[PDB]
Structure formats: structure tokens, C-alpha cells
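Inspection log for the structure reproduced underneath, given as C-alpha cells.
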């Protein structure tokens, strides 16, 4: 039945735990609805320090938006309106205010990230990027 039953992929960032999952689901819902306020609620509800908050935010931005950008089927690509909502929200957010974090996030939402035009390499790369940026 396996071959008859059959495109979702895994998310190894789940290694962080429940808080990344919550923030990721919140970001996905808020981007699809394009009303970036649940993002604020998730960022306030979370338990971890500011730098881990920013890292989780960056990883969610990548997993949802940048991977959607990697599909050949353009209709799945993030809509300009979603870019508008998340770009504005990043601009008004403070833990993302560090020019490097804000630039990297915005580049994920706008696909202007170098290295982000393999999958496992790309995922480890973006994880290292987030950790280095946010790691003080």
C-alpha cells in the first residue's frame, strides 16, 4: 500500500524541542494568514533566552519560507504579501534588531540569502549561521 498511498519532509531542527515546534507552527500560521501577531505571542510565551529566541526564529523562517522557495512549483513560493508581513515584523522586533540577525532573517524571507539559491548541507549551514550570529 505504500506506493499507492503516495510530499512533506522532516525538520531536524526539532532537536531543540517543544519550544521550537510551537514557535515554528505559530510562524507558519501567521505567515499564511499574513497577520504577524501570533509571532509576538509565541516569542513572549517562549522560555529560552533572547539569543536562542532569535535562533529559533531564524530556523523557522528558513524551514518554512526558504524551503518553500526551493520548490520548482512557484505557486508554493511565499507570496509577496507574506514577505511584507514577516519583513515588517522583523523590522519592528527587537531581539532581531541586531543588523546581522535582521539582515539574515530578511534575506531568508526575501530569498536574498547567499548559499540559498544540497539539502542537508544547506540545513547545517543555516543552523551554524544562526548559532554564530546569535551566539554571544
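Numbering (the authors' numbering), first residue to last: 4309 to 4314, 4321 to 4431, 4440 to 4458.
Ideal placement from N, C-alpha and C gives every residue a C-beta, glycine not left out.
DSSP places residue 4449 inside the alpha helix (DSSP H), whose first and last residues are 4441-4456. Contact between residue 4355 and residue 4340 holds: CB atoms are separated by about 7 Å, below the 8 Å threshold.
For residue 4365, the enclosing alpha helix (DSSP H) starts and ends at 4364-4375. The beta carbons of residue 4372 and residue 4418 sit about 6 Å from each other, so the pair counts as a contact at 8 Å.
One alpha carbon belongs to residue 4337, the other to residue 4347, and they sit about 15 Å apart. When 4446, 4455 and 4457 are compared, the shortest CA-CA separation from residue 4325 is found for 4446.
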